[PDB]
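Peer 1: Just passing along the structure, written as structure tokens.
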Amino acid sequence: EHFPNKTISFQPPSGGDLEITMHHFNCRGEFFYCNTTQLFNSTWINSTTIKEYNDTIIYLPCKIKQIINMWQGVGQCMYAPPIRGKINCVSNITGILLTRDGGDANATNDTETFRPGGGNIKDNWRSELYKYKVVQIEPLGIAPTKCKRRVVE
Amino acid sequence: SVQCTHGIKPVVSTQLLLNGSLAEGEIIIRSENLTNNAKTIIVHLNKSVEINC
Amino acid sequence: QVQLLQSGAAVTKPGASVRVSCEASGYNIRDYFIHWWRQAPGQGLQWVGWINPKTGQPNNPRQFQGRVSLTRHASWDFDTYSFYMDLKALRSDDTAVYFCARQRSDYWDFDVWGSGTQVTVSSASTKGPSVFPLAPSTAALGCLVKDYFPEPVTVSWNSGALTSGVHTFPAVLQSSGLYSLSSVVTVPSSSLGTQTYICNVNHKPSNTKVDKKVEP
Amino acid sequence: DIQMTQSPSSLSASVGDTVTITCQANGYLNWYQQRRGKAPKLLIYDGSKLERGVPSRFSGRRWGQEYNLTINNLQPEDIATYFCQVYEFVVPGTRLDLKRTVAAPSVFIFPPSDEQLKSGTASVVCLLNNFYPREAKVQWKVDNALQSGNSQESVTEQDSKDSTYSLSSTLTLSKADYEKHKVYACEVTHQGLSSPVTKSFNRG
Ligand SMILES: *[C@@H]1O[C@H](CO)[C@@H](O[C@@H]2O[C@H](CO)[C@@H](O[C@@H]3O[C@H](CO[C@H]4O[C@H](CO)[C@@H](O)[C@H](O)[C@@H]4O)[C@@H](O)[C@H](O[C@H]4O[C@H](CO)[C@@H](O)[C@H](O)[C@@H]4O[C@H]4O[C@H](CO)[C@@H](O)[C@H](O)[C@@H]4O)[C@@H]3O)[C@H](O)[C@H]2NC(C)=O)[C@H](O)[C@H]1NC(C)=O
Ligand SMILES: *[C@@H]1O[C@H](CO)[C@@H](O[C@@H]2O[C@H](CO)[C@@H](O[C@@H]3O[C@H](CO)[C@@H](O)[C@H](O[C@H]4O[C@H](CO)[C@@H](O)[C@H](O)[C@@H]4O)[C@@H]3O)[C@H](O)[C@H]2NC(C)=O)[C@H](O)[C@H]1NC(C)=O
Ligand SMILES: *[C@@H]1O[C@H](CO)[C@@H](O[C@@H]2O[C@H](CO)[C@@H](O)[C@H](O)[C@H]2NC(C)=O)[C@H](O)[C@H]1NC(C)=O
Ligand SMILES: *[C@@H]1O[C@H](CO)[C@@H](O[C@@H]2O[C@H](CO)[C@@H](O)[C@H](O)[C@H]2NC(C)=O)[C@H](O)[C@H]1NC(C)=O
Ligand SMILES: *[C@@H]1O[C@H](CO)[C@@H](O[C@@H]2O[C@H](CO)[C@@H](O)[C@H](O)[C@H]2NC(C)=O)[C@H](O)[C@H]1NC(C)=O
Ligand SMILES: *[C@@H]1O[C@H](CO)[C@@H](O[C@@H]2O[C@H](CO)[C@@H](O)[C@H](O)[C@H]2NC(C)=O)[C@H](O)[C@H]1NC(C)=O
Ligand SMILES: *[C@@H]1O[C@H](CO)[C@@H](O)[C@H](O)[C@H]1NC(C)=O
Ligand SMILES: *[C@@H]1O[C@H](CO)[C@@H](O)[C@H](O)[C@H]1NC(C)=O
Ligand SMILES: *[C@@H]1O[C@H](CO)[C@@H](O)[C@H](O)[C@H]1NC(C)=O
Ligand SMILES: *[C@@H]1O[C@H](CO)[C@@H](O)[C@H](O)[C@H]1NC(C)=O
Ligand SMILES: *[C@@H]1O[C@H](CO)[C@@H](O)[C@H](O)[C@H]1NC(C)=O
């Protein structure tokens, strides 16, 4: 709806640091780096053929790092100690961070590409505090009235 | 107006928004301008899909 | 102060890889975006991509994707940077100057601009210049600087002393990849056919000088 | 979808004048002026806002979708190219130069030596010098016959002193088709010249 007539396509991140090409998050002390490259390609033309498939589960490789500069230049260099025992994480996928790609100066082929990842850490919060504005109340008001303070003679 | 906000988690993630909230309306698309590619594009879901890693 | 500077000219063979750099240190560079612009000769500008110094995230248009690559290399103090491109598998008609610019605000205004690097790619690899005379029958007189590659070559007459009404046409390139430009100087009408001139050139890429004694 | 247009881009003006250029767009416009083979400089951004360290002669008229960039008291240094820039699309631009400096061209033909033919190559040039306006037709003919797709034409920059131009027409020929016709003509018709002119030459 937000784009007139262009088919949509997806591609994995085109490069950059490991904090952008990868899906970075935390579990109980250690940090994960999952590829998530099978979830960010497709195309959609006219939905003429419904590619019905079986209930296939998707398995994503996930490298694990220990020395993370999770903030670019203001966070201290880290070293998470290894955590004992099997660790399992169950969570919610509520939002996805996207990024468009520029068009051509000659002739668009009625398509646009979207890429995941990117964005500074602020966007992870701007998508949640989006419904809160802070104001101060000015509790003094002025208005006409037909009472004149009856001053004592 | 409310006295003050509900809960918010300080969870940090880069490519996806792990364990956040949901909007009851529909799939929302938020940006500064969608016509400007520089700004990020934030999509919001109404049916959270469980992750298990 | 901003001193956004770009490296010198680089020439490569077809199908090879090229690298052009650009640096920025004179302000808080950890927060403004950087953009690359290429301009085909005798043609308008053309976007190449935008890279964020914060994370190194690239972005490319449809046609240049895959072939191009954008990368940054920070310093330890986050004060001096160095941005590098790499255009793998260079094509034929991609000889153009490449510009690095800076983004000031969300209005997509660019204030600081780089010096610009001339990049040319073609076959018919490096060789010296050969000058073929033209014999005249006001008037003119030319010293055709044929069959040389690559650009540029100095041009002067009579050790630069006699430059009466010079007209050095810009170097037009033929199919062979050997540059050729015509340089003429205004000369009287009836006095020609007996006077003698000399043309001297130098080709810095090949470092060879040939002095030609043009005669009627 | 952002569409771009431009003024007819073939404009000229005299010293100490005012000129108007037009851009149609539906976004943010930043005016850039560029020299010949030099990095373009930002001139006016947001249509009307004027950048720090810019001569006051410039102006910006944000009206509807139309856009204006009027320069006052046109000086010789103002001779450059101008274009309006939006997020991604960039217009071809505009060409600005001095006007009305009429001068008649002169076809100049110089037969070469036989030395290059020993290397199996022939090269002769038709020259058009000291003329304005630029537009004209320059062609070769073999004993007054059609010749096309075999010459490479170059034009120098605008002539600084007389505000004129100069066009070169270099022709490449094979062995047989060169000396088969001893004399050639290079007819050129141009606004500066009153009547079309033809030339002749001889080798000796
Ligand atoms: C989105 O939301 C989900 C759901 O809430 C969330 O997943 C939850 O994550 C938290 C933390 O990451 C999990 O909490 C941990 O759970 C384990 C599970 O252990 C079970 O099994 C053992 C036996 O093996 C039982 O003993 C135990 O009772 C459980 O049944 C706990 O073992 C963890 O306990 C540690 O932390 C507690 C915090 O109070 C301590 O009290 C406890 O002693 C343990 O502390 C140890 O480690 C500390 C360092 O972490 C150390 O300081 C201590 O000294 C000590 O050594 C812990 O409670 C929770 O189970 C997850 N939910 C589910 C359903 O599994 C996601 O994390 C969230 N999204 C994102 C992105 O985070
Ligand atoms: C980024 O997003 C913002 C929205 O947050 C977007 O702002 C839009 O700008 C355009 C033009 O820049 C606005 O279009 C105007 O809409 C008003 C509505 O009444 C019209 O009246 C306007 O026409 C008059 O405007 C001139 C202003 O001086 C008049 O002088 C003149 O007479 C015109 O007739 C004009 O059409 C638009 O309203 C806003 N808001 C939106 C679209 O919600 C901004 O343009 C975006 N940046 C881009 C696309 O680059
Ligand atoms: C995530 O998976 C993608 C799958 O496409 C990997 O991309 C491949 O990377 C290798 C690197 O050795 C290349 O040789 C391949 O050409 C890439 N594409 C394919 C289709 O294999 C990507 O490398 C993975 N992420 C990481 C961090 O390795
Ligand atoms: C991840 O999504 C699931 C699906 O909604 C959540 O499951 C329910 O979440 C609500 C939240 O208000 C709870 O009240 C319910 O008890 C949950 N279970 C059921 C069966 O409805 C799940 O809670 C989400 N993850 C987290 C950490 O909240
Ligand atoms: C989540 O949002 C989507 C749209 O963003 C909902 O899908 C639409 O539902 C309405 C309800 O009648 C239909 O009229 C539309 O045709 C649906 N659109 C599409 C593309 O299918 C969806 O129902 C919402 N689901 C939940 C659980 O909130
Ligand atoms: C989350 O993942 C874990 C492990 O990937 C699941 O634990 C498995 O559950 C199945 C079915 O209950 C058992 O057959 C396996 O033996 C369990 N362990 C492993 C290593 O596979 C867990 O059930 C998953 N939970 C959800 C809600 O998806
Ligand atoms: C886009 O699609 C609509 C409806 O399907 C159609 O009316 C229109 O002509 C198409 N093209 C453009 C450029 O809007
Ligand atoms: C993802 O989709 C693209 C779209 O054409 C396809 O070329 C590619 O092979 C797919 N897989 C990967 C790993 O990129
Ligand atoms: C996802 O859906 C699309 C469209 O129906 C289809 O082309 C593709 O094969 C599907 N992939 C999986 C894994 O179901
Ligand atoms: C430090 O070591 C890294 C390891 O690759 C290297 O890339 C970098 O150039 C070195 N110097 C600085 C100042 O980071
Ligand atoms: C921009 O130029 C047009 C061209 O005629 C003219 O009306 C005026 O100078 C400007 N238009 C405006 C400011 O609406």
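Numbering starts fresh at 1 for the residues of each chain in the structure tokens, the chains themselves are lettered A, B, ... in the order given, and ligands are numbered from 1 as they appear.
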What are the residues of chain B lining chain D at 10 Å or less? Count only C-alpha atoms, and put the answer as a PyMOL selection string.

Peer 2: chain B and resi 35-38

Peer 1: Go through the chains and note each residue within 10 Å of ligand 8, using only C-alpha atoms and all ligand atoms, then give the set as a VMD selection string.

Peer 2: chain A and resid 9 to 12 36 to 43

Peer 1: What residues of the protein or nucleic acid chains come within 7 Å of ligand 9 when you use only C-alpha atoms and all ligand atoms? Reply as number ranges by chain.

Peer 2: A: 50-53, 56

Peer 1: Return as a ChimeraX atom specification the residues belonging to chain A that are within 10 Å of chain B, counting only C-alpha atoms.

Peer 2: /A:2-3,13,19-27,32,34,36,59-62,70,87-103,114-134

Peer 1: Write out as number ranges by chain the residues lying within 7 Å of residue 168 (chain D), counting only C-alpha atoms and excluding same-chain residues fewer than 5 positions away.

Peer 2: D: 126-128, 153-155

Peer 1: Any idea what the distance is between atom 19 (O, counted along the ligand's line) of ligand 2 and CA of residue 91 (chain D)?

Peer 2: 27.1 Å

Peer 1: Report as a ChimeraX atom specification the set of chain C residues whose atoms approach chain B to within 10 Å, with distances computed over only C-alpha atoms.

Peer 2: /C:33,50,59,106-108

Peer 1: Within 12 Å of ligand 11 (counting only C-alpha atoms and all ligand atoms), which residues show up? I'd like them as a ChimeraX atom specification.

Peer 2: /D:6-8,18-24,47-48,59-71

Peer 1: Go ahead and write the selection's residues with N, CA and C atoms as a PDB file, in the first residue's frame.

Peer 2:
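What landed in selection29.pdb:
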ATOM      1  N   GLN D   6      13.999  20.244 -15.472  1.00  0.00           N
ATOM      2  CA  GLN D   6      14.971  21.325 -15.477  1.00  0.00           C
ATOM      3  C   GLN D   6      14.515  22.399 -16.451  1.00  0.00           C
ATOM      4  N   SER D   7      15.098  23.584 -16.298  1.00  0.00           N
ATOM      5  CA  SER D   7      15.027  24.648 -17.287  1.00  0.00           C
ATOM      6  C   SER D   7      15.607  24.117 -18.595  1.00  0.00           C
ATOM      7  N   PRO D   8      15.387  24.783 -19.745  1.00  0.00           N
ATOM      8  CA  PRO D   8      15.905  24.238 -21.012  1.00  0.00           C
ATOM      9  C   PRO D   8      17.416  24.037 -21.033  1.00  0.00           C
ATOM     10  N   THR D  18      20.518  39.359 -14.331  1.00  0.00           N
ATOM     11  CA  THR D  18      19.823  38.425 -13.459  1.00  0.00           C
ATOM     12  C   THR D  18      19.177  37.350 -14.320  1.00  0.00           C
ATOM     13  N   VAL D  19      19.329  36.089 -13.914  1.00  0.00           N
ATOM     14  CA  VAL D  19      18.805  34.961 -14.671  1.00  0.00           C
ATOM     15  C   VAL D  19      18.032  34.056 -13.721  1.00  0.00           C
ATOM     16  N   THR D  20      17.075  33.323 -14.285  1.00  0.00           N
ATOM     17  CA  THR D  20      16.198  32.446 -13.526  1.00  0.00           C
ATOM     18  C   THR D  20      16.292  31.028 -14.069  1.00  0.00           C
ATOM     19  N   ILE D  21      16.336  30.055 -13.161  1.00  0.00           N
ATOM     20  CA  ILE D  21      16.333  28.644 -13.516  1.00  0.00           C
ATOM     21  C   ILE D  21      15.184  27.969 -12.783  1.00  0.00           C
ATOM     22  N   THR D  22      14.683  26.883 -13.364  1.00  0.00           N
ATOM     23  CA  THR D  22      13.468  26.240 -12.884  1.00  0.00           C
ATOM     24  C   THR D  22      13.720  24.765 -12.616  1.00  0.00           C
ATOM     25  N   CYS D  23      13.267  24.295 -11.456  1.00  0.00           N
ATOM     26  CA  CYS D  23      13.267  22.882 -11.115  1.00  0.00           C
ATOM     27  C   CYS D  23      11.908  22.518 -10.539  1.00  0.00           C
ATOM     28  N   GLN D  24      11.356  21.397 -10.992  1.00  0.00           N
ATOM     29  CA  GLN D  24      10.094  20.879 -10.479  1.00  0.00           C
ATOM     30  C   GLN D  24      10.390  19.613  -9.690  1.00  0.00           C
ATOM     31  N   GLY D  47      15.600  25.140  -0.832  1.00  0.00           N
ATOM     32  CA  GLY D  47      14.918  26.038  -1.740  1.00  0.00           C
ATOM     33  C   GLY D  47      15.225  27.500  -1.496  1.00  0.00           C
ATOM     34  N   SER D  48      14.983  27.977  -0.277  1.00  0.00           N
ATOM     35  CA  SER D  48      15.137  29.389   0.042  1.00  0.00           C
ATOM     36  C   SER D  48      16.216  29.685   1.072  1.00  0.00           C
ATOM     37  N   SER D  59      19.258  33.860  -4.469  1.00  0.00           N
ATOM     38  CA  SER D  59      17.929  33.917  -3.877  1.00  0.00           C
ATOM     39  C   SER D  59      17.207  32.606  -4.150  1.00  0.00           C
ATOM     40  N   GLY D  60      16.181  32.341  -3.344  1.00  0.00           N
ATOM     41  CA  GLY D  60      15.377  31.143  -3.501  1.00  0.00           C
ATOM     42  C   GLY D  60      13.897  31.399  -3.306  1.00  0.00           C
ATOM     43  N   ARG D  61      13.084  31.014  -4.285  1.00  0.00           N
ATOM     44  CA  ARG D  61      11.656  31.325  -4.304  1.00  0.00           C
ATOM     45  C   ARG D  61      10.860  30.025  -4.242  1.00  0.00           C
ATOM     46  N   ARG D  62      10.495  29.615  -3.032  1.00  0.00           N
ATOM     47  CA  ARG D  62       9.686  28.415  -2.829  1.00  0.00           C
ATOM     48  C   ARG D  62       8.229  28.767  -3.086  1.00  0.00           C
ATOM     49  N   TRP D  63       7.719  28.386  -4.254  1.00  0.00           N
ATOM     50  CA  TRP D  63       6.319  28.613  -4.602  1.00  0.00           C
ATOM     51  C   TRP D  63       5.733  27.326  -5.164  1.00  0.00           C
ATOM     52  N   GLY D  64       4.778  26.748  -4.442  1.00  0.00           N
ATOM     53  CA  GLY D  64       4.139  25.523  -4.894  1.00  0.00           C
ATOM     54  C   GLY D  64       5.166  24.429  -5.099  1.00  0.00           C
ATOM     55  N   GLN D  65       5.218  23.892  -6.318  1.00  0.00           N
ATOM     56  CA  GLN D  65       6.248  22.933  -6.691  1.00  0.00           C
ATOM     57  C   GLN D  65       7.378  23.551  -7.503  1.00  0.00           C
ATOM     58  N   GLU D  66       7.152  24.713  -8.110  1.00  0.00           N
ATOM     59  CA  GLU D  66       8.185  25.381  -8.887  1.00  0.00           C
ATOM     60  C   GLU D  66       9.307  25.861  -7.974  1.00  0.00           C
ATOM     61  N   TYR D  67      10.493  26.017  -8.549  1.00  0.00           N
ATOM     62  CA  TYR D  67      11.652  26.468  -7.794  1.00  0.00           C
ATOM     63  C   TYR D  67      12.445  27.461  -8.625  1.00  0.00           C
ATOM     64  N   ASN D  68      13.047  28.437  -7.951  1.00  0.00           N
ATOM     65  CA  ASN D  68      13.799  29.499  -8.601  1.00  0.00           C
ATOM     66  C   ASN D  68      15.139  29.686  -7.911  1.00  0.00           C
ATOM     67  N   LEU D  69      16.125  30.118  -8.695  1.00  0.00           N
ATOM     68  CA  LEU D  69      17.444  30.479  -8.177  1.00  0.00           C
ATOM     69  C   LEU D  69      17.921  31.663  -9.013  1.00  0.00           C
ATOM     70  N   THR D  70      17.639  32.869  -8.532  1.00  0.00           N
ATOM     71  CA  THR D  70      17.972  34.101  -9.234  1.00  0.00           C
ATOM     72  C   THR D  70      19.284  34.657  -8.702  1.00  0.00           C
ATOM     73  N   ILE D  71      20.239  34.867  -9.603  1.00  0.00           N
ATOM     74  CA  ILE D  71      21.541  35.430  -9.268  1.00  0.00           C
ATOM     75  C   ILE D  71      21.568  36.883  -9.719  1.00  0.00           C
TER      76      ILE D  71
END

Peer 1: Could you go through region 14-165 of chain D and tell me which residues DSSP, when run on the backbone, assigns to strand (DSSP E), listing them as an MDAnalysis selection string?

Peer 2: chainID D and resid 30:34 41:45 81:85 94:95 106:109 122:131 136:138 141:142 151:155 165

Peer 1: Go ahead and write the residues just picked, N, CA and C atoms, as a short mmCIF file (atom, residue, chain, number, x, y, z; two decimals), in the first residue's frame.

Peer 2:
data_model
loop_
_atom_site.label_atom_id
_atom_site.label_comp_id
_atom_site.auth_asym_id
_atom_site.auth_seq_id
_atom_site.Cartn_x
_atom_site.Cartn_y
_atom_site.Cartn_z
N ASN D 30 18.46 21.07 -2.94
CA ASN D 30 19.71 21.73 -2.57
C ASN D 30 20.43 22.11 -3.85
N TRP D 31 20.69 23.40 -4.03
CA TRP D 31 21.32 23.90 -5.25
C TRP D 31 22.83 23.74 -5.16
N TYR D 32 23.42 23.14 -6.18
CA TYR D 32 24.86 22.96 -6.27
C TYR D 32 25.37 23.62 -7.54
N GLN D 33 26.44 24.40 -7.41
CA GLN D 33 27.14 24.96 -8.55
C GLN D 33 28.49 24.28 -8.68
N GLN D 34 28.89 24.01 -9.92
CA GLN D 34 30.09 23.24 -10.19
C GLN D 34 30.92 23.91 -11.27
N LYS D 41 30.01 22.68 -5.44
CA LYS D 41 29.84 23.35 -4.15
C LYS D 41 28.37 23.59 -3.87
N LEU D 42 27.97 23.34 -2.63
CA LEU D 42 26.60 23.60 -2.21
C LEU D 42 26.33 25.10 -2.21
N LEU D 43 25.21 25.50 -2.80
CA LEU D 43 24.88 26.90 -2.95
C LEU D 43 23.65 27.30 -2.14
N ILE D 44 22.51 26.67 -2.40
CA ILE D 44 21.26 26.96 -1.70
C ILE D 44 20.59 25.65 -1.35
N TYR D 45 20.24 25.48 -0.08
CA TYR D 45 19.55 24.28 0.38
C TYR D 45 18.19 24.66 0.94
N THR D 81 28.27 25.60 -14.18
CA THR D 81 27.09 24.78 -14.37
C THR D 81 26.32 24.67 -13.06
N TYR D 82 24.99 24.58 -13.17
CA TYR D 82 24.11 24.60 -12.01
C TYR D 82 23.08 23.49 -12.14
N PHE D 83 22.79 22.83 -11.03
CA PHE D 83 21.79 21.77 -11.00
C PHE D 83 21.16 21.71 -9.62
N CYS D 84 19.94 21.18 -9.57
CA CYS D 84 19.20 21.02 -8.33
C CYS D 84 19.23 19.56 -7.91
N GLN D 85 19.53 19.33 -6.63
CA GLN D 85 19.74 17.99 -6.12
C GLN D 85 18.68 17.65 -5.08
N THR D 94 22.60 22.67 -15.92
CA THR D 94 22.46 23.80 -16.82
C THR D 94 23.83 24.29 -17.25
N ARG D 95 23.89 24.90 -18.42
CA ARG D 95 25.11 25.49 -18.95
C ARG D 95 24.96 27.00 -19.02
N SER D 106 36.05 30.05 -39.37
CA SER D 106 36.92 29.92 -40.54
C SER D 106 37.40 28.48 -40.62
N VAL D 107 36.96 27.77 -41.65
CA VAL D 107 37.43 26.40 -41.87
C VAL D 107 38.92 26.43 -42.21
N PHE D 108 39.69 25.58 -41.53
CA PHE D 108 41.13 25.53 -41.70
C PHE D 108 41.56 24.08 -41.88
N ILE D 109 42.07 23.76 -43.07
CA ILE D 109 42.44 22.41 -43.45
C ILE D 109 43.95 22.36 -43.67
N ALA D 122 46.15 7.04 -41.93
CA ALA D 122 45.91 8.37 -42.46
C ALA D 122 45.07 9.16 -41.46
N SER D 123 45.35 10.46 -41.36
CA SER D 123 44.67 11.31 -40.39
C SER D 123 44.70 12.75 -40.88
N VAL D 124 43.52 13.33 -41.13
CA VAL D 124 43.40 14.72 -41.53
C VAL D 124 42.28 15.34 -40.70
N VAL D 125 42.36 16.65 -40.47
CA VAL D 125 41.46 17.34 -39.55
C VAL D 125 40.85 18.56 -40.22
N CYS D 126 39.57 18.79 -39.97
CA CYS D 126 38.88 20.02 -40.34
C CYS D 126 38.67 20.86 -39.09
N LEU D 127 39.10 22.11 -39.13
CA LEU D 127 39.12 22.98 -37.96
C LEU D 127 38.14 24.13 -38.14
N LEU D 128 37.37 24.41 -37.09
CA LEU D 128 36.44 25.54 -37.04
C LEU D 128 36.81 26.40 -35.85
N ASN D 129 37.28 27.62 -36.12
CA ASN D 129 37.88 28.45 -35.09
C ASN D 129 37.17 29.79 -34.99
N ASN D 130 37.11 30.31 -33.76
CA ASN D 130 36.65 31.66 -33.46
C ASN D 130 35.22 31.89 -33.95
N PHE D 131 34.30 31.16 -33.32
CA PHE D 131 32.89 31.22 -33.70
C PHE D 131 32.01 31.17 -32.47
N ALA D 136 26.24 24.27 -35.01
CA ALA D 136 26.60 24.35 -36.42
C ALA D 136 26.71 22.92 -36.93
N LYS D 137 26.99 22.79 -38.23
CA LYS D 137 27.18 21.48 -38.84
C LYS D 137 28.53 21.43 -39.53
N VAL D 138 29.35 20.46 -39.15
CA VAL D 138 30.68 20.28 -39.72
C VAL D 138 30.79 18.85 -40.24
N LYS D 141 33.64 15.54 -46.95
CA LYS D 141 33.13 15.04 -48.22
C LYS D 141 34.30 14.66 -49.12
N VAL D 142 34.14 13.56 -49.83
CA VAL D 142 35.16 13.06 -50.75
C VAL D 142 34.69 13.37 -52.17
N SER D 151 34.45 10.50 -38.29
CA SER D 151 35.19 11.63 -37.75
C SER D 151 34.88 11.79 -36.27
N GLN D 152 35.86 12.29 -35.53
CA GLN D 152 35.73 12.54 -34.10
C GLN D 152 35.90 14.03 -33.86
N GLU D 153 34.89 14.65 -33.26
CA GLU D 153 34.83 16.10 -33.12
C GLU D 153 35.06 16.50 -31.67
N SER D 154 35.90 17.51 -31.47
CA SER D 154 36.20 18.04 -30.15
C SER D 154 36.08 19.56 -30.18
N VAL D 155 35.60 20.13 -29.07
CA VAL D 155 35.43 21.57 -28.92
C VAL D 155 36.14 22.01 -27.65
N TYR D 165 34.07 30.47 -29.40
CA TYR D 165 34.29 29.04 -29.31
C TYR D 165 35.21 28.60 -30.44
#

Peer 1: Can you tell me which residues surround region 86-97 of chain C at a distance of at most 7 Å, considering only C-alpha atoms, apart from same-chain residues fewer than 5 positions away, and format the answer as JSON, numbers by chain?

Peer 2: {"C": [14, 15, 16, 17, 18, 19, 38, 39, 40, 41, 67, 68, 69, 70, 116, 117, 118, 119, 120, 121, 122]}

Peer 1: Take the selection from the previous step and output its residues with C-alpha atoms, as a PDB file, in the first residue's frame.

Peer 2:
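selection-v5.pdb was written with the following content:
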ATOM      1  CA  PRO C  14      39.757  -4.149 -17.772  1.00  0.00           C
ATOM      2  CA  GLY C  15      38.288  -6.791 -15.490  1.00  0.00           C
ATOM      3  CA  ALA C  16      40.665  -5.916 -12.641  1.00  0.00           C
ATOM      4  CA  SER C  17      40.093  -4.380  -9.198  1.00  0.00           C
ATOM      5  CA  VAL C  18      40.589  -0.730  -8.240  1.00  0.00           C
ATOM      6  CA  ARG C  19      40.699   1.047  -4.880  1.00  0.00           C
ATOM      7  CA  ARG C  38      30.655   9.177  -9.611  1.00  0.00           C
ATOM      8  CA  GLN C  39      30.338  11.397 -12.677  1.00  0.00           C
ATOM      9  CA  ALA C  40      30.655  10.047 -16.197  1.00  0.00           C
ATOM     10  CA  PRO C  41      32.662  12.524 -18.313  1.00  0.00           C
ATOM     11  CA  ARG C  67      30.089  -5.171  -8.174  1.00  0.00           C
ATOM     12  CA  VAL C  68      30.745  -2.332  -5.703  1.00  0.00           C
ATOM     13  CA  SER C  69      31.843  -2.579  -2.070  1.00  0.00           C
ATOM     14  CA  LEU C  70      32.123   0.078   0.650  1.00  0.00           C
ATOM     15  CA  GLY C 116      38.018  13.739  -6.608  1.00  0.00           C
ATOM     16  CA  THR C 117      40.097  10.965  -8.175  1.00  0.00           C
ATOM     17  CA  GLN C 118      40.343  10.355 -11.914  1.00  0.00           C
ATOM     18  CA  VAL C 119      39.986   6.629 -12.641  1.00  0.00           C
ATOM     19  CA  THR C 120      40.297   5.263 -16.180  1.00  0.00           C
ATOM     20  CA  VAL C 121      40.143   1.648 -17.358  1.00  0.00           C
ATOM     21  CA  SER C 122      40.856   0.348 -20.869  1.00  0.00           C
TER      22      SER C 122
END

Peer 1: May I have the residues within 8 Å of residue 3 (chain C) as a PyMOL selection string, using only C-alpha atoms and disregarding those fewer than 4 positions away in the same chain?

Peer 2: chain C and resi 24-26

Peer 1: Do a neighbour search on residue 156 (chain C) at 12 Å with only C-alpha atoms, toss out local chain neighbours closer than 3 positions, and write the hits as a ChimeraX atom specification.

Peer 2: /C:142-143,145,153,159-164,166-168,183-185,197-202,209-212

Peer 1: Those same residues - C-alpha atoms - I'd like them written as a PDB file, in the first residue's frame.

Peer 2:
ATOM      1  CA  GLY C 142      48.621  21.547 -35.407  1.00  0.00           C
ATOM      2  CA  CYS C 143      50.719  18.865 -33.727  1.00  0.00           C
ATOM      3  CA  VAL C 145      49.440  13.897 -30.327  1.00  0.00           C
ATOM      4  CA  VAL C 153      50.447  14.788 -21.634  1.00  0.00           C
ATOM      5  CA  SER C 159      59.753  25.706 -25.262  1.00  0.00           C
ATOM      6  CA  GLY C 160      56.523  27.457 -24.292  1.00  0.00           C
ATOM      7  CA  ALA C 161      57.823  30.788 -25.601  1.00  0.00           C
ATOM      8  CA  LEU C 162      55.539  31.058 -28.656  1.00  0.00           C
ATOM      9  CA  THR C 163      51.930  30.363 -27.657  1.00  0.00           C
ATOM     10  CA  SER C 164      50.134  32.807 -29.960  1.00  0.00           C
ATOM     11  CA  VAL C 166      46.747  28.452 -28.611  1.00  0.00           C
ATOM     12  CA  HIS C 167      43.689  26.176 -28.790  1.00  0.00           C
ATOM     13  CA  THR C 168      44.352  22.850 -27.048  1.00  0.00           C
ATOM     14  CA  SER C 183      46.498  21.601 -30.396  1.00  0.00           C
ATOM     15  CA  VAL C 184      46.680  24.646 -32.676  1.00  0.00           C
ATOM     16  CA  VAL C 185      47.988  28.206 -32.419  1.00  0.00           C
ATOM     17  CA  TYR C 197      57.877  25.751 -35.383  1.00  0.00           C
ATOM     18  CA  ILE C 198      58.499  23.022 -32.810  1.00  0.00           C
ATOM     19  CA  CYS C 199      56.140  21.045 -30.559  1.00  0.00           C
ATOM     20  CA  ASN C 200      57.367  19.453 -27.322  1.00  0.00           C
ATOM     21  CA  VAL C 201      55.363  17.019 -25.180  1.00  0.00           C
ATOM     22  CA  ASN C 202      55.899  14.865 -22.100  1.00  0.00           C
ATOM     23  CA  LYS C 209      59.754  13.277 -24.327  1.00  0.00           C
ATOM     24  CA  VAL C 210      59.731  13.660 -28.114  1.00  0.00           C
ATOM     25  CA  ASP C 211      60.487  16.987 -29.801  1.00  0.00           C
ATOM     26  CA  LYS C 212      58.979  17.468 -33.261  1.00  0.00           C
TER      27      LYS C 212
END

Peer 1: Which one of C:11, C:124, C:172, C:74 sits closest to chain A if you count only C-alpha atoms?

Peer 2: C:74

Peer 1: How many Å lie between atom 37 (C, counted along the ligand's line) of ligand 2 and CA of residue 51 (chain D), rounded to one decimal?

Peer 2: 23.5 Å

Peer 1: Counting only C-alpha atoms and all ligand atoms, name the residues that have an atom within 10 Å of an atom of ligand 10; the answer should be given as a PyMOL selection string.

Peer 2: chain C and resi 73-78

Peer 1: Deliver the residues from the most recent selection as a file, using C-alpha atoms, as a CSV table (one decimal), in the first residue's frame.

Peer 2:
chain,number,residue,atom,x,y,z
C,73,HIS,CA,38.7,1.7,8.8
C,74,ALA,CA,38.5,3.7,12.0
C,75,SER,CA,41.4,4.9,14.1
C,76,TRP,CA,41.8,4.1,17.8
C,77,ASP,CA,40.7,7.6,19.0
C,78,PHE,CA,37.7,7.7,16.6
